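> Build the 3D model from these lines:
(7 chains, ligands or ions: 3)
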Amino acid sequence: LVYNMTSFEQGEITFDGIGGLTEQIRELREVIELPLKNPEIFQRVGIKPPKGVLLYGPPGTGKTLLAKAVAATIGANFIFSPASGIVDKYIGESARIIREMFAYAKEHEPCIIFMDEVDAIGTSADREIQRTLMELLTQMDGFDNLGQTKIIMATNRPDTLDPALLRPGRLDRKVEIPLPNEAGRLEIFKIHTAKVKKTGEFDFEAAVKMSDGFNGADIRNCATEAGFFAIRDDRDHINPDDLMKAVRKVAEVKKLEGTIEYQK
Amino acid sequence: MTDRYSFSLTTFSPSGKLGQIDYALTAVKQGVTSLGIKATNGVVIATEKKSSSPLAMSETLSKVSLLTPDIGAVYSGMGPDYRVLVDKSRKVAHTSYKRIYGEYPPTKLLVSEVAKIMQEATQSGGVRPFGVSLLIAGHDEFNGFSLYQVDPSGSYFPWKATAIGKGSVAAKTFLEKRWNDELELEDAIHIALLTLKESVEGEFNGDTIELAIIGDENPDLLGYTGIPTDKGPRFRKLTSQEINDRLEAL
Amino acid sequence: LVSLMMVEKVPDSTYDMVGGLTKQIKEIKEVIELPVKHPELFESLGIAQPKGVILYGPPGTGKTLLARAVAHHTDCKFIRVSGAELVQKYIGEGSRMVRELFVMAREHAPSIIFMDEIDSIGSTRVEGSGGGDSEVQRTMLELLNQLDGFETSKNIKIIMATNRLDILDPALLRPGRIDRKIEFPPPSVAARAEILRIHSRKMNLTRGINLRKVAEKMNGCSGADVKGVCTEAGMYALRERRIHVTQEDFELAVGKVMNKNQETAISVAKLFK
Amino acid sequence: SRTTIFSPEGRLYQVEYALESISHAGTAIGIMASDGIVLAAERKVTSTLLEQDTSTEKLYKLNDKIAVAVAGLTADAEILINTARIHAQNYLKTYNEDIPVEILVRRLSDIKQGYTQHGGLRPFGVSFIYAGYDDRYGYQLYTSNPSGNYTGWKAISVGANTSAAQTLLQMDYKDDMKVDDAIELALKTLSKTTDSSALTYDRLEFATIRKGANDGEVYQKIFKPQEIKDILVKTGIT
Amino acid sequence: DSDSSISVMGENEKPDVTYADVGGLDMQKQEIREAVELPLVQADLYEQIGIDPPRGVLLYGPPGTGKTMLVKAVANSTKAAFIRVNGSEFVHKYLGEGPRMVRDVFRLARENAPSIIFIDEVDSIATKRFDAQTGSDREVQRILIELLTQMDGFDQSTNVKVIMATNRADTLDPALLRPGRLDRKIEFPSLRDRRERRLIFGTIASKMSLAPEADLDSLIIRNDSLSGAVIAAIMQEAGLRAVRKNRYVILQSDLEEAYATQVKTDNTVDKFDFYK
Amino acid sequence: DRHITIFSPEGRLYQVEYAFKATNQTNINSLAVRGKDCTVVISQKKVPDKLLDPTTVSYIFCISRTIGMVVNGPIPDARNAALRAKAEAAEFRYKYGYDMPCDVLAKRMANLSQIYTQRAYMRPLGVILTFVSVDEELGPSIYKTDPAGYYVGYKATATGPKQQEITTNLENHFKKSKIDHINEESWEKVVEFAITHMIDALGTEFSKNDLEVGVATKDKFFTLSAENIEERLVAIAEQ
Amino acid sequence: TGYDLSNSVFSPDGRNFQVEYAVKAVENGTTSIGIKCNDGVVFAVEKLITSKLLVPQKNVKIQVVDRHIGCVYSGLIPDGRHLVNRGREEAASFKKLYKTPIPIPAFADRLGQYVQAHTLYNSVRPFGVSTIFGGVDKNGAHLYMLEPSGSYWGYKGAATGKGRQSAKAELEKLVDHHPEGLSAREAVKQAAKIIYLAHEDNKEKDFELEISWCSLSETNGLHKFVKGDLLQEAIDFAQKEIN
Ligand SMILES: Nc1ncnc2c1ncn2[C@@H]1O[C@H](COP(=O)(O)OP(=O)(O)OP(=O)(O)O)[C@@H](O)[C@H]1O
Ligand SMILES: Nc1ncnc2c1ncn2[C@@H]1O[C@H](COP(=O)(O)OP(=O)(O)OP(=O)(O)O)[C@@H](O)[C@H]1O
Ligand SMILES: Nc1ncnc2c1ncn2[C@@H]1O[C@H](COP(=O)(O)OP(=O)(O)O)[C@@H](O)[C@H]1O
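Numbers count the residues shown, from 1 in each chain, chains lettered A, B, ... in the order given. Ligands and ions are numbered 1, 2, ... in the order given. Below, you will see the structure:
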C-alpha cells in the first residue's frame, strides 16, 4: 500500500529539466555515479560508499522534483513520505511504521527512499520521542547491512537538531542550494517557454531585472498567468509586456507571510 | 510610563531549589575558562579572549578589569552583565568608604559591597540576576593577600586557588596537583599557562589572551615623585610581548 | 495456564547461605510457620492467623535470594508470578486471572505465593489518566478481604515485596490486611564478615588471610558487593594463570568499587550554608 | 506563588518549603550550662586548598556580649546582621546601657513576616542560633525561623536530622552539666550525625562564651584552628 | 519455538567485520573477552574458582564514538547463538506486547543454550523513579523491573549474562546495575590519545590505499579535537576526490582541504546569539 | 519563559535571539572601514515605489560636527536611540568641556542596553549600530553594538543579512596586502574601494540613488548628495 | 499563537503581530489623502453618513495643531485626536523657546517617537491610526504620513482607509502625467476627483466632502479650510471625471 509512496518511477524523464546551480547538480550525480556504473573504483581503493546523504534548500525549489527525477535515471522506486505525515499520538506507531518502511524497502532493491520535512525530528512526553530520533539514526548504521537503498532528508528548517548533524560521518554531503540569481533565473524560462509559442527576442531582460527572491514554482505559475489573458491579444505569438500585468500581484502574495531562509 | 511588574521574578521550589538562579549557573559554565592563583610573593589571574571574527580588536574588550590600584578582577559567562558591575563598584568604594576614611579599603569589605547589590538583583522585584560569577584579588597592610570568588546568589567563597567555566573541573582536577605552599610568583605563570594550554582548541598567542598580576610597589606608574612615603599601584597588567617572552622560555 | 505455578524443580538455596541475617527468620517464620504448624495450638487462643506480611529495604540485600531459599524447607508450595506478567494489553484478562489465582491456592491450604515488585500497581489516581491496572488491584484486595478471602486466610498466609516503599496506595493497607512489616537494612561491618566466608571457598591451603579485614573498610549498602568484589578478585588469578589468591590481589578488587564508592560526584553550590 | 494567600484549608504554599528547605543546610547547635556556653557548626565543604583556616562563615558576632550561628543563604542572612547590629548600638546612644536579647528578637523577627505579609516578596531563607547574657535573666539561649516565632531553650540543633540530633542531647544533658562536661557533647552530637565520619578539625567552626574575667566581665572568645584541633584530642578521637 | 519477534541472527546471514578492523581499544577490548570468549571454553576453571562466572556488562561512553563497532566482531567469532534488537521496540503502540514477548524473549535463549543478545540503546528506558503522574510513562518502568527479575530473579546460571549499550551512563535507573546483576561496567574516553590516534589514523589506510609523494601522518600532530568516529569518517570522505577528477590514488594536498572541507564551524552566531 | 527576559530553562534568552532577527526586515547591507586620516560608511537605499521624496529617506545621522552612525533596523526603534545620542553628547561636554568620543559613548549606550535586559517594563530595540569618528587621541575608529551590550571595535566591517557574502571577501583582502587600514590618503579616493568590493564580492550593481554615504572628516561629519556621488561613481571611468 | 497576546513580545520572525493587527483596524476606516503641491499642501477626506439625522458641516475630522499646519487621520476617531492634543501643546512649548514657528521635521521628531513609547510597555494600547500632516516653514514645502509603528516618510502624496488600491496606482497614473509642478488651486480640483473615484469600494452608502489646503502664496502659508463656491466648483468638476 506504500505503493502510494513508491510508485512514481517507471516513466523515464530527463535529468536536464533543471539547470539550477550546476556545481551542486554536478555534486550529487557524480557521487551517486559510483554504485551503478563505475563501482570498480571503490574496489580498487577498498573504501566504503556514501552511507546515504541529505541536503538543504529553502522551500519550493524543485527539491522533491530533483529527487523524483533521479530515480527515473536508473530505475529505483521513488517514494513520497512526509515527515509530519508519519506522526501519530500512538507511541510505538511512530517507531513501528519506520521498521516496516525499511522492511519493504530492503524487500526491493536497487531502489530509493525519501524524506523532506524531518526538521521537527526533561519533560514527560518528550522523553520517549527522542528515542525515535535515537532509533532511526541507529537503524541507518547500527547493526545491519544496506546494499542498494538510500535516503535524503530535504527540509526547510535547517535548525533541525545538533546530534544528527553533530557527527557528520554518519551522513555526508550535507549540501546546500541557495536561490537563483539572473544567472539562474534566466535559463529557467527556457524550459518554461519550451512547449509554448512566443515572438522571439531577448525579452528576458526583465527577468534579471526583477524577481529577486522568487523561486521556480511561481515563475512557472507566472508563465501560465501571462498566457491566460494573452489570448485577448489572441495572437500566434506572445509578448513580454503580457506577463507584466500580473508579475506585481504574484509578488504581493509572495509578499504575504514573509519567511526567512538561512542555510546550515 | 507605568510600572506594574513589581512582583518578585523569583520562585520557591518544593524542596528549596530557588529556580531562576539555578538556571543561571549554566551560562557561567557555557562561558570561557578563567582562573586565579595566589602566592606570598604575589597573585595572578588569567582568561582566554575568544575573538569571534578575524576583524575585532582585543584592545577594546576588557576581559580583565581594574577596581582600585591594588585590585583586579575577571569573569566568565556574560560580558554586558560584567561591564556595568565594575562602575557600580567603583562608585561604591568611594561613596561609602574611600571619601570617608581616606584610605582605599581592604579587599573583602569591597566584596561586601558587590554581593549587597547582587543580592538586590534577586530579592527585589521586576529584575533578573547577573549571569556572572567573578573573582577578586586581595591586598592590605593589615590582613594580606587573598582571593575571593563571588556568585549571583550573593555568596562569596574565599580561596587559595580555583577556576571556572567550560573547562573548570578538569583544572580543579589538575591544580590540586600543582599547588603547594613554597611559592614565589615567577613560577606561577608556567602552571597557570600550562594549565590553560590544555583546555583550548584555538590559537595560543600572547596577542590572543590577556592576563594580569599583583606585583609590588611600582612608583614608575604613580606619575609623580617627591613623596617617598606613598605606596604605588601594586596592581598591574602585562603587554603583548612579556607574555610571549614567557612562552618562548618554556 | 500453570506456568506461574510452583515447581517439581525447586531451586537449591538455603537460609544458612545467608550470613548476617540472623534475627528476621525468628520474627517472620512463625506467622508462616507456627500456627500453620499448629493451628490447634494457635486456636488454643486463636487470635487471628493474620494475612500476609511485607518486607521493605533497598537493593543489595537479596530479599529475592532470601525468598529463593524459603521455598526450600517449606512443607508448602511457593508459586511465582514472574512479577507483572499477569497483565496483558486488554481489559478482561485482568480479573479472571486473579479469580483463577486465589482458587489455585484454595485447593492448597498449606501453600503460599510470591511478589517481588509492587511499584507497578501503586498510587492509583484518575481524572481521565490512569489505566486498567488500577482495576485489578481492587479485586485481588477484594477477594483478599471479602466473603471468600478469610477462608483463604484460614488456609493461607502470603507476602508482597518491592524496593521502594511509600510510592503506592495507602488505601491498600488496612493493617490486619497486612499485619506486620519489616526492614531488610544494609548490613553491619561484622555482619559483612561472615559473608565472604560463604562465597570465596576457593583458597588452597593458603595463609595470611584476614576475612575481617574487608568489612574493616566498607561503608556500602549491599551484601552482594561482597560477591561483586570477590567474583572479580578471582578473575585476576584467572588471567594471570595462577589459580591461587591472596589478600592484596583480593583487596584492590575494591578498585572496581573505587568507582562505585566514588562515582557520586558532588556539587559546589554554597547558596546556603 | 502569591506569598500572601493561604491554602484552601488553612496553610501556606511557600513557607512550609522554606523551613523544610533549610534542612538541606549545614548544622548549627547551641547549648548552655549554668556556667558557660558552647556552639558548633559543620561547614558545608571541607576541601583542602581554600582558606578554611580563617573561614569565619557559620559564626558571627554582634557585640561584646552576644554570639550567634547561621543556617540558610550566605547573603539573605548576611544583611540581617548588618541590620540588627545597628539596632544594638542604636539602643545605646539613647540609653547607654547594655542591650538585652528579649527586646532584640521580639523587635527583630517581626521584620520577617513583613515580607510574608505584603509586597509579593519572598521571605528570608534563614534560621539562627542565639546566645548571650543580661544582668536580669542570667544566661540565655534562643532560636528563630523564617516565620518569626522564637523559642527559648536549653539546647537545640538545626539542619540535617536536627530532630534526630535533638534526641542525642535528650538523655545526656544535665542541669548542672558544666562547660568542659558539656562541650564534648556538641562535637559528639556531630560525631554521629556527620555524613563524613572521616572527621576534620577543618570542616567545623566553633565559638564560646564565659564569664572568665574577674569583676564580672565576660569574654566573647572565639577559637582558632590549632586550638580546637588539640581540644578535639581531649575527648579522645585519634 | 518460533516466537516471531526476533529470529536466530547469524546462522548464515551475518555481517562480516573483524576484530582487527578496530585500531587499539585494547584497554577495554581485553577485559571484555576476558569475560566473554573464555567462558565458552574454560568453564571448569570458573568452577575451580569463582562461585559464578563474572558476566553482565554495561558498555557506555558518548555515542557515535566506538561502542557498536566492537559489539559484533565477536558475533563473527562466537561459535554460538547471537541476537540483535532495536533498543526501543518495547515501546509498542498498545500495551503488553513486551511483557508478552520479553517473557518469550528469554524463552528463546533458554532453549538456545548457550547464546547471547544485545540492544541498540536504552536512553529512553533509563528512569530511576517517578511519582505516578500518568500511565503514559508508567508502562516504561514496569518493563524495566520486569527485565530485572527476568535477568536474575530466579533462573540463575543456565541463562546468559548480557550487555548494556547507551548514549549516557548517569541517568541509568539504579538498582539495575549491581555487583550480582552485572558485576562489570566499562567505557572508553574521548580526550586526546597520542598512543591511539597515532595508529588508528592509518590502521584503515591499510584498508585504504596511498602513494606517498610526501608524509601524510602529520594531521595527527595537529592535536586540537581528537575524536573517535570522525577520524575514519574523514578519509571516508577525503577519498572521493581523486576519483572526482579521475585521479587514481589521492595526494596529500588532496586531503588537507578534505580535513577542513569538513568545516569545524567554530564560528557560528547560534553560539553568539544565546548568552549575549 | 518565551515572553520575557528571565533566564531560560537552559540559560539563554529567547526574547533576545529574536531581536537580532528583528533587524532583518529589509534586505539591506552596510559597510564600515578606516581611511588613512578619515573613514567611510555606506548602505543600500531601497525605493520600491515611485512617490517618495528620497531627499527625506535616510539612516545615516549627524550627532556632532565630529561623528556619525548608521542603522540596519526599524527606523522608529532607531530614532529613540538617535535622539538619546544627541543628549548624551551634550551632557558630557557641559560637564567636562570637550566633545564626545566614540569609545566612551558606546560604553554608555552599551551600559544602557543592559538595564533593558535586566528589567521587564521595557521593550528592547531590534537594531544594531556602527558608530564612526576620528579621535584626537585615538585616530580613525569605529565601534559596533548589539542589543545586549557586546560592543567592540572593528578595523573594518559590515552588516546586513549578507555578511558572509562580503566579510570573507574583506578578510581575503588583508591577507593580500596585510595592514590594518588602507594605504590611501583622501577619503574621495578610497570610497571607490568600498563600492568596488560590494558589487564584485557578492553584491549587485548600483545606480546613483541606490546608495548613501557618510564621512567622518577631521573636525567634520556630513552626508553626500546626488552629483557628489555620481562624480565619485565615475571614478570607475578608469577602472 | 501564544506570543500574539500583548505588547513588547517579539516573535521568532522578529516582530510583534499586535500592531500588525492594528493595521487592519485602520484598514476599517474612511478614505483620506493629502498632496504635495508646488507651494504647499492639500487635505481632503471621506466622511460617510449613516442617517440624514447627521448634520452637514458641524462635524469636521481635520484638526489643526497651530497656525501653519493641518492634520487629518483615518480609523480610530478618538485615538487619532489624542496626540493632536499632545501636538497642540508641544510646539506651543517650542515657540515658547526661540520665538519662532516650528518646523515640520520638528513635528515628527516630537511625535514619531511618542507613539513608539506606546509600543515599549505591556500596559498601553498602540495608537491604531495612520496619520498625515503638512504645512510650511522657512525652508519651504513639506509632507509626511505616519504609521502606527512610529514610522514616517516624506511623500509627495499618501492615502489610507480602504481607498488604498485606487489612489496609489492612480497617483502612479498621475505623476508621470504631471511632474512639472502642480500649483495649489489646481490640485484642489484633482484631489476631490479621487475621493469620488475611491468611494466605489463603499458605494452602498453616502457622504459629503471636506477639504483644506495651505499655500505660501495664497494664505501667507497659514491654514484655512474650504468654505465656498470653490468647493462647489470642484464637485461639479469631479463628477465629470467619473462621468
Ligand atoms: N546475606 C546475603 N546472602 C545471600 N545473598 C546475598 C546477601 N546479601 C546480598 N546478597 C546478594 O544480593 C543479590 C540480590 O539482592 P538485591 O536486593 O540487590 O536484588 P534483589 O533482591 O534480587 O532485587 P528485587 O528484590 O528488587 O527483585 C543476590 O545476588 C544475592 O546473592
Ligand atoms: N576504531 C574504529 N574502527 C572502525 N570504525 C570506527 C572506529 N571508531 C569509530 N568508528 C566508526 O564511527 C562510527 C560511529 O561510532 P559508533 O557507532 O561505534 O559509536 P557508538 O557509541 O556505537 O554510537 P551508538 O551506540 O549510538 O551506535 C561507526 O560507524 C564506526 O564505523
Ligand atoms: N532550479 C529550478 N529550475 C527550474 N524550475 C524550478 C527550479 N526549482 C523549482 N522549479 C519549479 O518550481 C516547482 C517546485 O515544486 P516542488 O518541487 O513540488 O516543490 P519543492 O521545490 O519544495 O520540492 C516545480 O514545478 C519546478 O518547475
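
> going forward, measure contacts between C-alpha atoms and count neighbours the same way
Fine.

> Could you find the closest non-adjacent residue to whatever residue of the stretch 101-250 of chain E ends up closest to chain B?
Nearest residue of the stretch 101-250 of chain E to chain B: residue E:224, at 4.8 Å (C-alpha to the nearest C-alpha). Using C-alpha to C-alpha, 6 or more residues apart in numbering or on different chains and skipping residues adjacent in sequence, the residue nearest residue E:224 is residue B:201, 4.8 Å away.

> about what we covered before: is the residue of the stretch 101-250 of chain E closest to chain B located within a helix, as I assumed?
No: the assignment for residue E:224 is coil, going by DSSP: H, G, I helix; E, B strand; the rest coil, so no helix is present there.

> What's the local residue count around it?
15 (other C-alpha atoms under 10 Å in any protein chain shown).

> before we move on, what about residue G:197?
So residue G:197, with other C-alpha under 10 Å, has 18 neighbours.

> give the contact list for it.
The neighbourhood of residue G:197, defined by C-alpha atoms under 8 Å, 6 or more residues apart in numbering or on different chains, consists of G:166, G:242.

> Any part of the longest helix seen in chain F near chain B?
Taking DSSP state H as the criterion, chain F has its longest helix at helix F:75-96. No: remark: helix F:75-96 sits outside contact range of chain B, by C-alpha under 8 Å from any C-alpha of the partner chain, the gap being at least 15.1 Å.

> Let me know the angle separating the following helix or strand past that helix from helix F:75-96.
Counting by DSSP states H and E, the next helix or strand C-terminal to helix F:75-96 is helix F:102-117. Compare the direction of helix F:102-117 with that of helix F:75-96 by axes from the mean of the first three to the mean of the last three C-alpha atoms, to 10 degrees and you get 120 degrees.

> Show residues contacting the longest helix of chain F.
F:59, F:61, F:63-64, F:71, F:98-100, F:105, F:125-127, G:112-113, G:116, G:149-151.

> Which secondary structure state is assigned to residue C:47?
coil.

> State the distance from it to residue C:39.
For residue C:47, the distance to residue C:39 equals 11 Å [C-alpha to C-alpha, to the nearest Å].

> And those two? Which one has more around it.
Higher neighbour count among residue C:47 and residue C:39: residue C:39, with 14 against 8, using other C-alpha under 10 Å.

> before we move on, back to that, got a list of what the residue of the stretch 101-250 of chain E closest to chain B touches?
Residue E:224 neighbours (C-alpha under 8 Å, 6+ apart): B:200-202.

> And for residue F:8?
B:23, F:1, F:14.

> Select from the residues you listed the one having the most neighbours.
Most surrounded of the contacts of residue F:8: other C-alpha under 10 Å gives residue F:14, at 22 neighbours.

> which residues does that residue contact?
E:274, F:1-3, F:5, F:8.

> now those as CSV including secondary structure?
CSV is the format used below for the contacts of residue F:14 (three-state DSSP):
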residue, secondary structure
E:274, coil
F:1, coil
F:2, coil
F:3, coil
F:5, coil
F:8, coil
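
> thinking again about what came up before, by neighbour count, which of the contacts of residue E:224 wins?
For the contacts of residue E:224, neighbours tallied by other C-alpha under 10 Å; top is residue B:200, 16 neighbours.

> now the strands for the stretch 101-250 of chain A?
If DSSP state E, counting those that start in this stretch is used as the criterion, the strands of the stretch 101-250 of chain A fall at A:111-112, A:149-150, A:172-174.

> Export the longest helix of chain F to CSV, keeping only CA atoms.
C-alpha atoms of helix F:75-96 as CSV (Å, rounded to 0.1, in the frame of the first residue of the first chain):
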residue,chain,number,x,y,z
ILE,F,75,13.9,53.3,12.0
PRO,F,76,11.3,54.0,14.7
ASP,F,77,13.4,51.9,17.0
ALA,F,78,16.4,53.8,15.7
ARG,F,79,15.1,57.3,16.3
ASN,F,80,14.8,56.7,20.1
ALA,F,81,18.4,55.7,20.0
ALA,F,82,19.2,58.5,17.7
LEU,F,83,17.8,61.2,20.0
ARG,F,84,19.3,59.7,23.1
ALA,F,85,22.7,60.1,21.4
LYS,F,86,22.4,63.9,20.9
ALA,F,87,21.5,64.3,24.5
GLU,F,88,24.3,62.2,25.8
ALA,F,89,27.0,64.1,23.9
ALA,F,90,25.9,67.5,25.3
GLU,F,91,25.7,66.4,29.0
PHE,F,92,29.3,65.1,28.6
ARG,F,93,30.9,68.3,27.4
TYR,F,94,28.7,70.5,29.5
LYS,F,95,30.2,68.7,32.5
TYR,F,96,33.8,68.4,31.1
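
> For that helix, buried residues please.
F:75-80, F:82, F:85, F:89-90, F:92 (16 or more other C-alpha atoms under 10 Å in any protein chain shown).

> what do you get for stretch E:125-133?
Those buried within stretch E:125-133 under the rule 16+ other C-alpha under 10 Å are E:125-127, E:132.

> hmm, that stretch touching chain C?
Yes: for stretch E:125-133 and chain C, the contact criterion (C-alpha under 8 Å from any C-alpha) is met by E:131-132.

> Identify the residues contacting that stretch?
Outside stretch E:125-133, the residues touching it (C-alpha under 8 Å, 6+ apart) are C:122-124, C:167, E:138, E:140-141, E:144, E:171-174.

> who does the residue positioned nearest the centre of chain G bridge with?
The centroid of chain G falls nearest to residue G:132 when counting by C-alpha atoms, centre = their mean (3.0 Å). Note on residue G:132: beta-bridge partners by DSSP bridges are residue G:72, residue G:145.

> what's the answer for residue D:31, then?
Those that pair with residue D:31 in a beta bridge, by DSSP bridges, are residue D:155.

> Can you report how many residues lie near it?
27.

> near chain C, which residues of chain B?
B:153-155.

> C-alpha coordinates for the helix of greatest length in chain D, CSV please?
Counting residues, the longest helix found in chain D (DSSP H) is helix D:78-95. Extracted in CSV, the C-alpha atoms of helix D:78-95 (Å, rounded to 0.1, in the frame of the first residue of the first chain):
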residue,chain,number,x,y,z
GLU,D,78,24.4,38.4,55.7
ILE,D,79,22.2,41.5,55.7
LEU,D,80,20.2,40.9,58.8
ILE,D,81,23.4,41.0,60.9
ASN,D,82,24.3,44.4,59.5
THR,D,83,20.7,45.4,60.2
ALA,D,84,20.4,44.0,63.7
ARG,D,85,23.9,45.3,64.6
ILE,D,86,22.7,48.8,64.2
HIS,D,87,19.6,48.1,66.3
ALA,D,88,22.0,47.1,69.1
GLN,D,89,24.3,50.1,69.2
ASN,D,90,21.3,52.4,68.3
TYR,D,91,19.8,51.1,71.6
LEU,D,92,22.9,52.5,73.3
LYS,D,93,23.1,56.1,72.1
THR,D,94,19.6,56.5,73.5
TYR,D,95,20.1,54.7,76.8
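
> what helices or strands is whichever helix or strand comes after that helix leaning on?
From helix D:78-95 onward toward the C-terminus, using DSSP H and E, the following helix or strand is helix D:101-104. Under the contact criterion of 3 or more C-alpha pairs under 8 Å, 6 or more residues apart in numbering or on different chains; DSSP states H and E, helix D:101-104 touches strand D:132-134.

> Which residue is the nearest non-sequential neighbour of the residue in the stretch 151-264 of chain A positioned nearest to chain E?
Per C-alpha to the nearest C-alpha, residue A:169 is where the stretch 151-264 of chain A lies closest to chain E, at 4.9 Å. Excluding the flanking residues, the one nearest residue A:169 by C-alpha to C-alpha, 6+ apart is residue E:233, at 4.9 Å.
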